[PDB]
């Protein structure tokens, strides 16, 4: 037995061969079915993630996220949020890896990049929620925060809504000015616009910022369109929020993971008895979403490990088809199972 390692090269070859659109659609479809299975009680939400706060060079966090499929495998994603990474080191803010362990023996069976996978399934989750809660003729997307997640927010949403334009804002002028080039492949025209204009004109918004704890909101409490749907995607430290309390109190709020969202999502700001049914329930029974497209809605997204397990399965299916990756004997399996020093 050896660990199946998908290097950065193998992950790149999967998305190159399959195509960004098709790969994103596969992950959207997988997440949709998987969320519906949770909503039907056929599967369970992942346990709460844990994390270690880091103060330097700026406040960030490093988190671990398990999800068990009993009798089959356990998925663990380890992921850092380090928002000085881009400017200071030319590294992504979100850096992670995803591992799979055999549930029967405990053995490490597969290991892969989590950077691309994280951006894909986070876009896909917003797409699942926005298909339920945004107007199906939504034309104008607003983006607050135009870093890494903004790219897959725009991409995923462009596959499920007829988006024609994106109004975008970032507090870093370089990061907002570069977004059009990163977005170009989608065919959605990009225009820089201040947050008040985005609030007034957008049919759907995604907020995905590295705003510090206590420095929200990133979208002002002002007039929005009656049917606005917001994907609140930023999430890292306890205390970090993006939306104004007044807007949230007027909204139909569905969390991907209620207990996690109450700790780390916009639901930090809300009384627990004001949550709408969670996303998995909407996927299994759309009665709870019926009519909510035409009034203010918020998808409170924190991400949870089941989404990583599902996206990992999409990657492993493609990689297995193509015989991609390498085998590394990482774990020591002594010839005598009772002898740690039998270094066979």
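Residue numbers count along the first chain shown, from 1. We call the rigid core the largest set of C-alpha positions that still match within 1.5 Å between the two forms.
S.K.: Looking at C-alpha RMS in 7 other deposited structures of this protein with the core superposed, is it 282 to 290 or 306 to 314 that drifts more?
M.R.: Farther from the shown form on average in 7 other deposited structures of this protein: 282 to 290.
S.K.: Following superposition on the rigid core, is the mean squared CA displacement, expressed as RMS, greater for 145 to 153 or for 270 to 278 in 7 other deposited structures of this protein?
M.R.: Greater root mean square C-alpha distance in 7 other deposited structures of this protein: 270 to 278.
S.K.: So, looking at the entry's B-factor column for Cα atoms, which has the higher mean, 91 to 99 or 218 to 226?
M.R.: Of 218 to 226 and 91 to 99, the stretch with the higher C-alpha B-factor average is 218 to 226.
S.K.: For the C-alpha atoms alone, is the average B factor greater in 11 to 19 or in 330 to 338, going by the entry?
M.R.: It is 330 to 338 that shows the higher mean C-alpha B-factor.
S.K.: Highest Cα temperature factor in the entry, among the options 178, 241, 82, 130: which one is it?
M.R.: Highest C-alpha B-factor among the listed residues goes to 178.
S.K.: Using the entry's values, work out which of 305, 27, 312, 318 has the largest Cα B factor.
M.R.: That would be 318, according to the entry.
S.K.: Rank-wise, by C-alpha B-factor, drop residue 136 into the lowest, middle or highest third of its chain.
M.R.: As the PDB entry reports it, the C-alpha B-factor of residue 136 lands in the highest third of its chain.
S.K.: Based on the entry's values, in what third of the chain does the Cα temperature factor of residue 273 lie: lowest, middle or highest?
M.R.: CA B-factor rank for residue 273: middle third.
S.K.: How does the C-alpha B factor of residue 251 compare with the rest of the chain: lowest, middle or highest third?
M.R.: Answer is middle: the recorded C-alpha B-factor places it there.
S.K.: For residue 122, does the deposited CA B-factor place it in the lowest, middle or highest third of the chain?
M.R.: It belongs to the lowest third of the chain when residues are ordered by C-alpha B-factor.
S.K.: How does the C-alpha B factor of residue 298 compare with the rest of the chain: lowest, middle or highest third?
M.R.: Its C-alpha B-factor belongs to the lowest third of this chain's values.
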